[PDB]
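The data block below is coords20.tsv; it holds TSV, C-alpha atoms and all ligand atoms.
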```
chain	number	residue	atom	x	y	z
A	1347	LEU	CA	75.04	108.92	65.44
A	1348	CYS	CA	72.46	109.56	68.15
A	1349	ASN	CA	73.72	112.98	69.22
A	1350	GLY	CA	74.58	115.91	66.98
A	1351	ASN	CA	78.25	115.14	67.51
A	1352	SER	CA	78.58	118.79	68.46
A	1353	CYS	CA	81.58	117.87	70.59
A	1354	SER	CA	83.50	117.48	67.37
A	1355	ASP	CA	81.38	120.19	65.77
A	1356	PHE	CA	82.17	122.98	68.24
A	1357	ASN	CA	83.41	121.69	71.58
A	1358	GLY	CA	79.79	120.58	71.65
A	1359	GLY	CA	78.96	123.47	73.93
A	1360	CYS	CA	80.55	121.34	76.62
A	1361	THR	CA	81.86	123.31	79.57
A	1362	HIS	CA	84.62	120.75	79.99
A	1363	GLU	CA	86.71	119.48	77.10
A	1364	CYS	CA	84.31	118.01	74.56
A	1365	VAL	CA	84.60	114.29	73.93
A	1366	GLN	CA	83.25	113.52	70.48
A	1367	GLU	CA	81.72	110.07	70.78
A	1368	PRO	CA	80.65	108.05	67.77
A	1369	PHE	CA	77.07	108.80	68.84
A	1370	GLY	CA	77.92	112.49	69.03
A	1371	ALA	CA	78.63	115.08	71.70
A	1372	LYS	CA	79.72	113.29	74.85
A	1373	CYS	CA	81.90	115.89	76.57
A	1374	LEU	CA	83.26	115.08	80.02
A	1375	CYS	CA	83.99	116.43	83.49
A	1376	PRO	CA	87.06	116.38	85.75
A	1377	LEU	CA	86.97	114.80	89.18
A	1378	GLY	CA	84.51	116.56	91.46
A	1379	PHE	CA	82.51	117.88	88.49
A	1380	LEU	CA	79.18	116.59	87.20
A	1381	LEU	CA	77.54	117.02	83.82
A	1382	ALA	CA	74.27	118.93	83.75
A	1383	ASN	CA	71.01	117.77	82.16
A	1384	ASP	CA	72.47	118.66	78.76
A	1385	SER	CA	75.38	116.42	79.74
A	1386	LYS	CA	77.73	119.03	78.30
A	1387	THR	CA	78.18	121.64	81.00
A	1388	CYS	CA	79.99	120.57	84.15
A	1389	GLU	CA	78.87	121.52	87.65
A	1390	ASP	CA	80.57	121.54	91.06
A	1391	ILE	CA	80.16	118.58	93.40
A	1392	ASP	CA	79.64	119.61	97.02
A	1393	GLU	CA	81.45	116.76	98.74
A	1394	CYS	CA	80.59	118.37	102.09
A	1395	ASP	CA	76.94	117.63	101.34
A	1396	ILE	CA	77.78	113.92	101.18
A	1397	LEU	CA	77.72	112.33	104.62
A	1398	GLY	CA	81.07	111.11	105.86
A	1399	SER	CA	83.05	113.54	103.71
A	1400	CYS	CA	85.32	114.25	106.68
A	1401	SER	CA	85.20	113.93	110.44
A	1402	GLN	CA	84.93	117.69	110.98
A	1403	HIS	CA	84.18	121.08	109.37
A	1404	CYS	CA	84.19	120.89	105.58
A	1405	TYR	CA	84.83	123.43	102.81
A	1406	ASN	CA	83.50	122.76	99.31
A	1407	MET	CA	85.95	123.46	96.50
A	1408	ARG	CA	86.05	123.24	92.72
A	1409	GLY	CA	86.39	119.53	92.04
A	1410	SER	CA	87.61	118.89	95.59
A	1411	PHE	CA	86.82	119.69	99.21
A	1412	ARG	CA	88.77	121.21	102.07
A	1413	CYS	CA	88.33	120.04	105.66
A	1414	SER	CA	89.38	121.28	109.09
A	1415	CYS	CA	89.66	119.77	112.56
A	1416	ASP	CA	89.11	120.73	116.18
A	1417	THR	CA	91.84	122.36	118.24
A	1418	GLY	CA	92.22	118.99	119.95
A	1419	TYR	CA	92.06	117.07	116.66
A	1420	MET	CA	94.77	116.45	114.07
A	1421	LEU	CA	94.07	116.10	110.36
A	1422	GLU	CA	95.09	112.72	108.99
A	1423	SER	CA	97.31	112.17	105.96
A	1424	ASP	CA	94.32	111.67	103.66
A	1425	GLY	CA	93.03	115.12	104.64
A	1426	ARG	CA	89.50	113.75	105.16
A	1427	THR	CA	89.84	112.48	108.75
A	1428	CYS	CA	90.57	114.06	112.13
A	1429	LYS	CA	92.19	112.23	115.05
A	1430	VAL	CA	92.59	113.30	118.66
A	1431	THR	CA	95.81	115.21	119.28
A	1432	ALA	CA	96.00	113.93	122.86
A	1433	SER	CA	97.62	110.52	123.21
A	1434	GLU	CA	95.42	109.39	126.12
A	1435	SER	CA	93.28	106.35	125.44
A	1436	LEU	CA	89.48	106.35	125.50
A	1437	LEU	CA	87.98	104.82	128.64
A	1438	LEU	CA	84.68	103.40	127.37
A	1439	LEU	CA	82.97	103.22	130.75
A	1440	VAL	CA	79.83	101.08	130.74
A	1441	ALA	CA	77.59	100.59	133.75
A	1442	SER	CA	76.60	97.11	134.89
A	1443	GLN	CA	74.08	95.52	137.22
A	1444	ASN	CA	76.34	96.03	140.24
A	1445	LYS	CA	79.61	97.46	138.89
A	1446	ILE	CA	81.23	99.82	136.37
A	1447	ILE	CA	82.94	98.15	133.41
A	1448	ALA	CA	85.65	100.19	131.67
A	1449	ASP	CA	87.67	99.30	128.58
A	1450	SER	CA	91.11	100.69	127.71
A	1451	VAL	CA	92.14	99.53	124.23
A	1452	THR	CA	95.37	101.53	124.17
A	1453	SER	CA	98.03	99.67	122.17
A	1454	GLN	CA	95.33	97.12	121.24
A	1455	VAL	CA	95.30	95.84	124.82
A	1456	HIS	CA	91.50	95.69	125.33
A	1457	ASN	CA	91.97	96.24	129.06
A	1458	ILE	CA	88.48	95.44	130.35
A	1459	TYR	CA	88.53	96.06	134.11
A	1460	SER	CA	85.81	96.83	136.65
A	1461	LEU	CA	86.64	100.26	138.05
A	1462	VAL	CA	84.02	100.04	140.82
A	1463	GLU	CA	82.36	96.84	142.02
A	1464	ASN	CA	80.59	97.80	145.28
A	1465	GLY	CA	77.38	99.06	143.73
A	1466	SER	CA	73.70	98.16	143.95
A	1467	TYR	CA	72.35	99.21	140.54
A	1468	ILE	CA	74.30	101.81	138.57
A	1469	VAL	CA	72.52	103.55	135.70
A	1470	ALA	CA	74.18	106.82	134.65
A	1471	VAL	CA	77.91	107.44	134.22
A	1472	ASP	CA	79.90	110.58	133.47
A	1473	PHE	CA	83.37	112.03	133.97
A	1474	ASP	CA	84.90	115.40	134.83
A	1475	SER	CA	87.88	116.36	132.67
A	1476	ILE	CA	89.14	119.14	134.95
A	1477	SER	CA	89.23	117.10	138.16
A	1478	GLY	CA	89.81	113.75	136.46
A	1479	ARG	CA	86.88	112.28	138.36
A	1480	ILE	CA	84.12	109.82	137.47
A	1481	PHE	CA	80.49	110.46	138.43
A	1482	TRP	CA	77.89	107.70	138.47
A	1483	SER	CA	74.43	107.26	139.97
A	1484	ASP	CA	72.85	104.22	141.62
A	1485	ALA	CA	69.09	103.79	141.35
A	1486	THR	CA	68.70	101.44	144.32
A	1487	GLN	CA	71.11	103.41	146.50
A	1488	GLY	CA	69.54	106.66	145.30
A	1489	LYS	CA	72.93	108.36	145.50
A	1490	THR	CA	75.41	110.03	143.16
A	1491	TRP	CA	78.88	108.57	143.72
A	1492	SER	CA	82.12	110.27	142.67
A	1493	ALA	CA	85.65	108.92	142.40
A	1494	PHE	CA	88.92	109.41	140.55
A	1495	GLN	CA	89.77	107.57	137.36
A	1496	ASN	CA	91.91	105.27	139.50
A	1497	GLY	CA	88.77	103.95	141.14
A	1498	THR	CA	89.75	105.61	144.43
A	1499	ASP	CA	88.29	108.33	146.65
A	1500	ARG	CA	84.80	106.89	146.24
B	1	LIG	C1	94.03	109.09	141.58
B	1	LIG	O1	94.39	110.14	140.69
B	1	LIG	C2	94.31	111.44	141.27
B	1	LIG	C3	94.70	112.48	140.23
B	1	LIG	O2	96.00	112.16	139.71
B	1	LIG	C4	95.23	111.54	142.49
B	1	LIG	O3	95.09	112.83	143.09
B	1	LIG	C5	94.86	110.46	143.49
B	1	LIG	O4	95.78	110.49	144.59
B	1	LIG	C6	94.93	109.10	142.81
B	1	LIG	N1	94.53	108.07	143.74
B	1	LIG	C7	95.08	106.86	143.71
B	1	LIG	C8	95.17	106.16	145.03
B	1	LIG	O5	95.49	106.35	142.68
```

Show me the file's structure as structure tokens.
Amino acid sequence: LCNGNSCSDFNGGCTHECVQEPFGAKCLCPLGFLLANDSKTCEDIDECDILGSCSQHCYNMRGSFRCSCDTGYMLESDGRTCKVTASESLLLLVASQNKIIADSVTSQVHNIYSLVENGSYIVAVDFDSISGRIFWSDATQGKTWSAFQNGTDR
């Protein structure tokens, strides 16, 4: 009808299998392929270009996309997500007006405990992986305090 029906006429000059539609040359494209302006020739979709394709390094492929992970990260079953190889929980330390508030949600516990409470006004927080220590700074005290993750050796 509308189109020249070239799909039926001659594969309709469609890169992918032509799909003769009553209007004419419709053609098609497999997953991960997009029709061009002629809507007959298929292109390659760069899934890596799309944000959130995978948690880590991405490799565009024909109609699909390969992804990698960090040495400390494990690729999930879906192949589009990386998860930490180490089983240790994440200690989401958050400073407070006079204390340090840390959350351990391992095994959906939501362990919210105040690691340090004898503080004037703590602003910055950081940790050392090698020594397993926690560094934080107090504005009013004007000092940089250090302690272990067990809240000791302050
Ligand atoms: C805290 O952890 C460190 C590293 O394991 C250890 O050396 C230190 O003795 C611990 N302190 C307490 C009292 O938990």

Please enclose the listed atoms of ligand LIG 1 (chain B) in an axis-aligned box, pad each side by 4 Å, and write out the centre and the three edge lengths in Å, rounded to one decimal, as AutoDock Vina command-line options.
```
--center_x 95.0 --center_y 109.5 --center_z 142.4 --size_x 10.0 --size_y 14.7 --size_z 13.3
```

Quote the spacing between atom CA of residue A:1365 and atom CA of residue A:1410 in Å to one decimal place.
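We find that atom CA of residue A:1365 and atom CA of residue A:1410 lie 22.3 Å from each other.
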
Would you mind listing the residues within 8 Å of ligand LIG 1 (chain B), counting all atoms listed in the file, as a PDB file with C-alpha atoms, in the frame of the given file?
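Now in out_10.pdb:
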```
ATOM      1  CA  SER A1477      89.230 117.100 138.160  1.00  0.00           C
ATOM      2  CA  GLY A1478      89.810 113.750 136.460  1.00  0.00           C
ATOM      3  CA  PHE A1494      88.920 109.410 140.550  1.00  0.00           C
ATOM      4  CA  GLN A1495      89.770 107.570 137.360  1.00  0.00           C
ATOM      5  CA  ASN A1496      91.910 105.270 139.500  1.00  0.00           C
ATOM      6  CA  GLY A1497      88.770 103.950 141.140  1.00  0.00           C
ATOM      7  CA  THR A1498      89.750 105.610 144.430  1.00  0.00           C
ATOM      8  CA  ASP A1499      88.290 108.330 146.650  1.00  0.00           C
TER       9      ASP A1499
END
```

Can you tell me, as a VMD selection string, what residues are no more than 12 Å from residue A:1363 when counting only C-alpha atoms, ignoring any on the same chain fewer than 5 positions away?
chain A and resid 1352 to 1354 1356 to 1358 1371 to 1376 1381 1386 to 1388

For stretch 1348-1423 of chain A versus stretch 1429-1437 of chain A, which residues have an atom no more than 8 Å away, and what is each residue's nearest atom pair and distance in Å rounded to one decimal, using all atoms listed in the file, chain-then-number order, as CSV?
```
residue,atom,partner,partner_atom,distance
A:1418,CA,A:1431,CA,5.3
A:1419,CA,A:1430,CA,4.3
A:1420,CA,A:1429,CA,5.0
A:1421,CA,A:1429,CA,6.4
A:1422,CA,A:1429,CA,6.7
```

Can you measure atom CA of residue A:1390 to atom CA of residue A:1406 for me? One decimal in Å is fine.
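If I compute the distance from atom CA of residue A:1390 to atom CA of residue A:1406, I get 8.8 Å.
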
Distance query residue A:1349 at most 10 Å, only C-alpha atoms, self and fewer than 5 positions along chain excluded, as JSON, numbers by chain
{"A": [1366, 1367, 1368, 1369, 1370, 1371, 1372]}

Record the distance separating atom CA of residue A:1440 and atom CA of residue A:1397, expressed in Å with one decimal.
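Between atom CA of residue A:1440 and atom CA of residue A:1397 the gap works out to 28.5 Å.
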
Name all residues at most 10 Å from residue A:1488 (count only C-alpha atoms; drop same-chain ones fewer than 6 positions away) and give them as a list in words.
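Within the cut-off, the hits are residues 1466, 1467 and 1468 of chain A.
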
Across A:1407, A:1471, A:1441, A:1415, the smallest distance to residue A:1493, with only C-alpha atoms counted, is shown by A:1471
